[PDB]
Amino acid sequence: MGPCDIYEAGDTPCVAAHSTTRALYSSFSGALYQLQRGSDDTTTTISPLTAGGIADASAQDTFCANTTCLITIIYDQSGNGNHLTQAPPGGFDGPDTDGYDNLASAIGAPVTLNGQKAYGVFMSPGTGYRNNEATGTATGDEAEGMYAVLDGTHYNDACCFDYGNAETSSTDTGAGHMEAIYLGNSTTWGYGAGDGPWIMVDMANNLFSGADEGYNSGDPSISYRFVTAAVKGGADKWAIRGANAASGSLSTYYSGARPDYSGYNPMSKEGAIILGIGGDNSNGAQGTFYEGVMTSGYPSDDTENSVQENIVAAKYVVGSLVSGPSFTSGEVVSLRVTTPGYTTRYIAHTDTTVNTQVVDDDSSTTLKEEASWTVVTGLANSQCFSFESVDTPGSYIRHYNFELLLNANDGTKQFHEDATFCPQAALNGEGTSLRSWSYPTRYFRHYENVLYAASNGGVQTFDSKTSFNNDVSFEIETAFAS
C-alpha cells in the first residue's frame, strides 16, 4: 500500500496527491510531472518505473542532457486533476514574466528512495506552484488532513514556504481563509522553541505554532534532512505532527482548539492548493518538496502513523549534487572560458566585480592571483564548493542580485548560500558548469565579460539563451598563482 491507499483505508481519502519522486498509490503508473528543456523548449513527462514505483529518473537525465530543465507541472495522482503549475501573481508579484513565480529546476534536489535515484522540487526564493480551481479540497470549515516530505536543512525566514489550502483569488482575504503546512524560521507571526525551522500551520495573517499568536514553546525546531510534516484541521480543532521522514514516529507538537482569535473558528477555507508560497503569493521563501497530499476528512493519528511508517520504508537518502570533473578542498585552480572568441580569458576579478580577463604568463602577479581560486568545501553544502580569492583571502565568489561579486565571508547563512556552487559536467562538453546551490536554475555565466548567476533564459538580459551553454562551460586548469 501507498500513502493514499492508507488514507483511503482510514476513510479520509486523498483529494490531491503530488510527488516528483514516487507514486503515492500502489496502482498509479501515470505521469508524476512534466519537464521542459531550455534547448528547444519541448516537453516530456516522467512516470514511475513500475505501477506504484519510483520515478523514472534516467528518462529525465536523457531528456535534459547538455541543456537545462524546469519542472513545469506536478501532476495530481488522485484523479481529481489538481495538478500544480506555475504560480500566478496575487497580492504580491512573482519575479517572473508578468508577475508569475519561477518554475523550479529539475535537478536541485537529487535523492534515492531505496537505492533508486529520484528528483525532488528544490525551490529557491521566488519559486512557486499553484492550482486555483481544485476539486474535492475542503472549503469553509470542512475537515482535512495533509502532509509533505521536505528538506529540514533548506529554508529561510521569509514568507512563506507552504503546502496546503489557500485562497482561490491569490489574495489575502482574511484570517481563516487558509490552512497549510509551513516550514521555516520566520518569527513575524508564530514560532516555536530554538533557532528553527518550525512546522507551523498557515491560517492566513498568522503562522501558528500553537494556541497563542506568536511564541509557543511546544513547537520544537525540526531540522532533519528529511522531514515529515503532518497537519490537519477540523471543526474547532487542528494539530501539528512532525518526524524524521527517514526514521521513527510522528510526534504531536500541537493538538486542540483553534487559536482563540476572530476569524479562526469557524474557518473559511477556499480550496486552492499552493506550494512554496503564501496565500497572497508572498514568494520570498525557500524549501524542498519531495511528496505530499491533501485529504478530505480529519485523519486519525493511527492513520498518519501508518503513513509515516510507509514513508520511512521508502528510505529517502540524499543523492549526489555533483557530476563531471569536480574539485578537492584546498586545490587552487584557474577557470578558462570555452566560448569561441573568448577562449583566452579566465574568471578573475577587479575589486568586488567578478569578470573574465585575458590572463597569461606576461600578466602581473596581482592579476594572476585575481584569476586564481582556492576551492573549499561548500559553505552551505558539504557536497559542493565555494571559491575563495587567492589575492584576497577571506572573500569568496557570491551571487548578489544575480551578479557574481567577490565579498568577504561574513559568517551568515545568507552569505554561505549565496556562495555555494555545485560542479556539473559542462553543458558544452568542455570542463565544468558551476551550478548555484541555492538557485539550481542558475549557473556561472559570462555576459560581456562579466560573471552572473544566469539561467537559460529569463527576465534579466544576462540570461540570454544565445551562447548559453558555452558561456556556462569552463575548463579547470592549473592556477596562475602557481
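In case it trips you up, residue 1 is the first one in the sequence shown, and so on.
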Select between 229-237 and 399-407 the stretch whose C-alpha atoms have the higher average B-factor in the entry.
-> 399-407
Between 371-379 and 150-158, which has the larger average Cα B-factor in the PDB entry?
-> 371-379
In this crystal structure's PDB entry, the residue among 287, 140, 108, 340 with the greatest CA B factor is 340
Would you mind checking which of 296, 344, 244, 170 has the top Cα temperature factor in the PDB entry?
-> 344
Sort the modelled residues of this chain by their C-alpha B factor and say whether residue 26 lands in the lowest, middle or highest third.
-> highest
Going by the entry, which third of its chain does the Cα temperature factor of residue 336 land in?
-> highest
Comparing residue 12 with the other modelled residues of its chain, is its CA B-factor in the lowest, middle or highest third?
-> middle
Taking the C-alpha B-factors as the PDB entry records them, is residue 438 in the lowest, middle or highest third of its chain?
-> middle
Residue 64 - which third its CA temperature factor falls in, relative to the rest of the chain = highest
